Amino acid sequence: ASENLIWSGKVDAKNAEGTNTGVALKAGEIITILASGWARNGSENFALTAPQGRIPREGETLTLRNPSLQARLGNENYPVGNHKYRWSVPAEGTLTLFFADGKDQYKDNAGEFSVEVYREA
């Protein structure tokens, strides 16, 4: 457990508002976000995601699509995915982490991501 850990918690796939980490960031600080876990964005068997986004479907390429884990800071969204390494924070605000899904389509989701946030020098 590295001593520069500043937050460790969960992001619920069903929560449109995301998790308020309570980490008050200032522009220019450098942080690292790391994530893992399985979340479903629907009831169908193919409706699975990791922090890095949804799984390839029938006949698709094994490539990454839009990340499912994102950060919200100052009313703007930033991709996170499995990891955002040495991110120079662009604005002052409190960090929120959220699962990306369509407006009013969150409540058939399932699962959670485990996310860690570290302060970097």
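The first residue of the sequence shown is number 1, and the count goes up from there.
Colleague: Look up the CA B-factors in the entry and say which stretch, 48 to 56 or 70 to 78, has the higher mean.
Modeller: Result: 70 to 78.
Colleague: Compare the mean C-alpha B-factor of 92 to 100 with that of 22 to 30 as given in the PDB entry, and name the stretch with the higher value.
Modeller: The deposited B-factors put 22 to 30 ahead on the C-alpha mean.
Colleague: Within this chain's modelled residues, let me know which third the CA B factor of residue 115 belongs to: lowest, middle or highest.
Modeller: Lowest third.
Colleague: Please say which third, lowest, middle or highest, residue 15 falls into when its CA temperature factor is compared across its chain.
Modeller: Within its chain, residue 15 is a middle-third residue by C-alpha B-factor, going by the deposited values.
Colleague: Grab the CA temperature factor for residue 63 from the record and place it in the lowest, middle or highest third of its chain.
Modeller: For residue 63, whose C-alpha B-factor we compare with every modelled residue in the chain, the answer is the highest third.
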